[PDB]
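> So that you have it, the file is protein_32.tsv, and it contains TSV, C-alpha atoms and all ligand atoms:
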```tsv
chain	number	residue	atom	x	y	z
A	42	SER	CA	91.80	68.27	85.25
A	43	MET	CA	88.60	70.24	84.96
A	44	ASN	CA	85.99	69.41	82.35
A	45	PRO	CA	85.95	71.73	79.34
A	46	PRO	CA	82.90	73.91	78.78
A	47	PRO	CA	80.26	72.16	76.68
A	48	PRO	CA	80.11	72.78	72.93
A	49	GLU	CA	78.43	75.97	71.77
A	50	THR	CA	74.73	75.39	71.14
A	51	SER	CA	73.49	78.87	70.16
A	52	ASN	CA	75.09	81.58	68.05
A	53	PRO	CA	73.00	84.66	67.21
A	54	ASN	CA	75.53	85.61	64.47
A	55	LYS	CA	74.69	82.37	62.52
A	56	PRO	CA	71.74	82.52	60.11
A	57	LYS	CA	68.69	80.45	60.95
A	58	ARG	CA	66.29	78.34	58.95
A	59	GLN	CA	63.81	75.51	59.30
A	60	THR	CA	63.96	72.68	56.76
A	61	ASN	CA	62.16	69.37	56.41
A	62	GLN	CA	65.42	67.46	56.84
A	63	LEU	CA	66.39	69.37	60.00
A	64	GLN	CA	62.90	68.79	61.41
A	65	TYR	CA	63.22	65.07	60.70
A	66	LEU	CA	66.63	64.97	62.35
A	67	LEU	CA	65.12	66.49	65.50
A	68	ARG	CA	61.69	64.87	65.62
A	69	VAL	CA	62.54	61.38	64.35
A	70	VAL	CA	66.26	60.64	64.35
A	71	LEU	CA	67.31	62.33	67.58
A	72	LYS	CA	64.10	61.36	69.38
A	73	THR	CA	64.43	57.68	68.42
A	74	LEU	CA	68.04	57.49	69.57
A	75	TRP	CA	67.25	59.42	72.75
A	76	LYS	CA	64.68	56.79	73.78
A	77	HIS	CA	66.96	53.84	73.02
A	78	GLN	CA	67.98	51.65	75.94
A	79	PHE	CA	71.65	52.64	75.48
A	80	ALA	CA	71.13	56.42	75.19
A	81	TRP	CA	71.88	57.61	78.73
A	82	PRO	CA	75.70	57.96	78.43
A	83	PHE	CA	75.21	59.89	75.19
A	84	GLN	CA	72.56	62.35	76.45
A	85	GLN	CA	75.06	64.95	77.77
A	86	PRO	CA	78.79	65.74	77.54
A	87	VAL	CA	81.12	63.18	79.07
A	88	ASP	CA	81.71	64.27	82.69
A	89	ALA	CA	85.30	63.05	82.88
A	90	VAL	CA	85.65	64.41	86.40
A	91	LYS	CA	82.72	62.39	87.74
A	92	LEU	CA	83.82	59.31	85.76
A	93	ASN	CA	87.44	59.72	86.95
A	94	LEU	CA	88.79	59.79	83.38
A	95	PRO	CA	91.50	62.45	83.59
A	96	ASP	CA	92.73	61.60	80.10
A	97	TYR	CA	89.37	61.82	78.28
A	98	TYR	CA	89.83	65.40	77.09
A	99	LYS	CA	93.50	64.78	76.42
A	100	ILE	CA	92.41	62.25	73.79
A	101	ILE	CA	89.05	63.67	72.66
A	102	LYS	CA	89.41	67.21	71.29
A	103	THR	CA	86.08	67.33	69.39
A	104	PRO	CA	83.58	66.20	72.06
A	105	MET	CA	79.98	65.79	70.99
A	106	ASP	CA	76.82	64.33	72.53
A	107	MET	CA	73.11	64.12	71.88
A	108	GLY	CA	72.20	66.74	74.45
A	109	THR	CA	74.36	69.23	72.55
A	110	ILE	CA	73.00	68.08	69.19
A	111	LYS	CA	69.41	68.52	70.35
A	112	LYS	CA	70.11	72.00	71.72
A	113	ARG	CA	71.77	72.91	68.43
A	114	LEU	CA	68.66	71.80	66.54
A	115	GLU	CA	66.39	73.68	68.96
A	116	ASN	CA	68.50	76.85	68.51
A	117	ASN	CA	68.64	76.57	64.69
A	118	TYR	CA	72.42	76.25	64.92
A	119	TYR	CA	72.68	74.02	61.85
A	120	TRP	CA	71.94	75.36	58.36
A	121	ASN	CA	72.46	72.03	56.53
A	122	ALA	CA	71.38	68.53	57.61
A	123	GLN	CA	74.88	67.20	56.96
A	124	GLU	CA	76.23	69.40	59.78
A	125	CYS	CA	73.98	67.60	62.23
A	126	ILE	CA	74.78	64.18	60.80
A	127	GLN	CA	78.48	65.03	61.17
A	128	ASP	CA	77.99	65.76	64.89
A	129	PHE	CA	76.30	62.36	65.39
A	130	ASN	CA	79.19	60.68	63.60
A	131	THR	CA	81.69	62.58	65.76
A	132	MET	CA	79.88	61.36	68.89
A	133	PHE	CA	80.14	57.73	67.78
A	134	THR	CA	83.75	57.91	66.62
A	135	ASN	CA	84.84	59.68	69.82
A	136	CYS	CA	83.63	56.61	71.69
A	137	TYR	CA	85.59	54.38	69.30
A	138	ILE	CA	88.73	56.47	69.79
A	139	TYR	CA	88.74	56.71	73.57
A	140	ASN	CA	87.54	53.27	74.63
A	141	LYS	CA	89.01	49.84	74.03
A	142	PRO	CA	87.15	47.95	71.27
A	143	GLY	CA	85.53	45.26	73.41
A	144	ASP	CA	84.28	47.64	76.08
A	145	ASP	CA	80.59	47.70	76.90
A	146	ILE	CA	80.25	51.39	76.00
A	147	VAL	CA	81.63	50.72	72.49
A	148	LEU	CA	79.13	47.95	71.89
A	149	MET	CA	76.43	50.32	73.06
A	150	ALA	CA	77.59	53.09	70.69
A	151	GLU	CA	77.68	50.57	67.81
A	152	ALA	CA	74.06	49.66	68.51
A	153	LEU	CA	73.07	53.34	68.50
A	154	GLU	CA	75.06	53.93	65.32
A	155	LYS	CA	73.31	51.04	63.54
A	156	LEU	CA	69.91	52.54	64.40
A	157	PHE	CA	71.12	56.01	63.45
A	158	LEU	CA	72.13	54.82	59.98
A	159	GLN	CA	68.77	53.10	59.52
A	160	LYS	CA	66.91	56.31	60.40
A	161	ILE	CA	69.17	58.44	58.16
A	162	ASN	CA	68.22	56.16	55.25
A	163	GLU	CA	64.61	57.28	55.77
A	164	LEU	CA	65.56	60.96	55.60
A	165	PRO	CA	63.00	62.76	53.40
A	166	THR	CA	63.80	64.49	50.14
A	167	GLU	CA	64.33	68.29	49.91
A	201	LIG	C1	73.77	62.27	83.77
A	201	LIG	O1	74.69	61.48	84.47
A	201	LIG	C2	75.56	60.72	83.65
A	201	LIG	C3	74.81	59.52	83.06
A	201	LIG	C4	75.78	58.61	82.29
A	201	LIG	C5	76.91	58.16	83.23
A	201	LIG	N1	77.84	57.26	82.54
A	201	LIG	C6	78.05	56.00	82.93
A	201	LIG	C7	77.41	55.35	84.16
A	201	LIG	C8	78.30	55.59	85.29
A	201	LIG	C9	79.54	54.85	85.22
A	201	LIG	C10	79.35	53.39	85.20
A	201	LIG	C11	78.11	52.84	84.42
A	201	LIG	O2	77.92	51.68	84.24
A	201	LIG	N2	77.14	53.85	83.87
A	201	LIG	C12	75.92	53.50	83.17
A	201	LIG	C13	74.76	53.39	83.93
A	201	LIG	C14	73.55	53.05	83.33
A	201	LIG	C15	73.54	52.81	81.97
A	201	LIG	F1	72.35	52.48	81.36
A	201	LIG	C16	74.71	52.92	81.23
A	201	LIG	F2	74.65	52.65	79.90
A	201	LIG	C17	75.91	53.24	81.82
A	201	LIG	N3	78.95	55.41	82.11
A	201	LIG	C18	79.30	56.33	81.16
A	201	LIG	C19	80.21	56.23	80.07
A	201	LIG	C20	80.38	57.34	79.26
A	201	LIG	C21	81.33	57.29	78.07
A	201	LIG	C22	81.07	57.67	76.75
A	201	LIG	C23	79.77	58.22	76.18
A	201	LIG	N4	82.19	57.48	76.02
A	201	LIG	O3	83.12	56.97	76.89
A	201	LIG	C24	82.63	56.85	78.10
A	201	LIG	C25	83.38	56.34	79.31
A	201	LIG	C26	79.66	58.53	79.54
A	201	LIG	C27	78.78	58.61	80.61
A	201	LIG	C28	78.61	57.48	81.43
A	201	LIG	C29	77.70	59.34	83.81
A	201	LIG	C30	76.73	60.27	84.53
```
Have the structure of the file written as structure tokens, please.


Amino acid sequence: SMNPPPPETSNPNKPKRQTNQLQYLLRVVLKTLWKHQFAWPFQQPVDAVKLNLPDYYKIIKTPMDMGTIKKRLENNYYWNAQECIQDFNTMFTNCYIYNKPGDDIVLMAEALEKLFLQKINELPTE
């Protein structure tokens, strides 16, 4: 099987706005997770061809990753902060769907998710 194309990251037909919460999601939340020791597997779409995982995209139909999330933020793809938070959650739960619970990559995603939730609790008002 081929890989699917990556998720859309820009849509000129979607309205665009800057908000304090979206800026925080980019400049603090995403940046902190990006620099975490376990970030590398989550920095781009899963290359199931390279990883020899022919069933990945048979099981995962809503792929999401931090490279896509960051591009979405940079392209003003999200109107509401909750849309971005949803994509982070999708990334984590995809890992928990595809992989067996004791697997190293699941433990790594759990560590990233714990830090994510801490940073989301510091989201500013507005
Ligand atoms: C830019 O090149 C990429 C970097 C991440 C590489 N990678 C790796 C590399 C190569 C394969 C073996 C290995 O140990 N990897 C690795 C290497 C260094 C790390 F710091 C690390 F956390 C993992 N493992 C990946 C696992 C996943 C994954 C996700 C997310 N959900 O389910 C699975 C399976 C995704 C990517 C993985 C694949 C090539």

> Which neighbours of region 115-130 of chain A fall inside 10 Å, counting all atoms listed in the file, when residues of the same chain fewer than 2 positions from it are skipped, and could you give them as a PyMOL selection string?

chain A and resi 49-67+70-71+103-107+109-113+132-135+154+157-158+161+164

> When you draw a straight line from atom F2 of ligand LIG 201 (chain A) to CA of residue 136 (chain A), how long is it in Å?

12.8 Å

> For ligand LIG 201 (chain A), collect every residue having any atom at a distance of at most 10 Å from a ligand atom (counting all atoms listed in the file); output as a PyMOL selection string.

chain A and resi 78-94+97+101+104-107+132-141+144-147+149-150

> Would you mind reading off the distance between CA of residue 102 (chain A) and CA of residue 143 (chain A), one decimal, in Å?

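For CA of residue 102 (chain A) relative to CA of residue 143 (chain A), the distance reads 22.4 Å.
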
> Return the single residue from A:69, A:42, A:77, A:48 that is closest to residue 165 (chain A), with distances computed using all atoms listed in the file.

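Result for the nearest residue to residue 165 (chain A): A:69.
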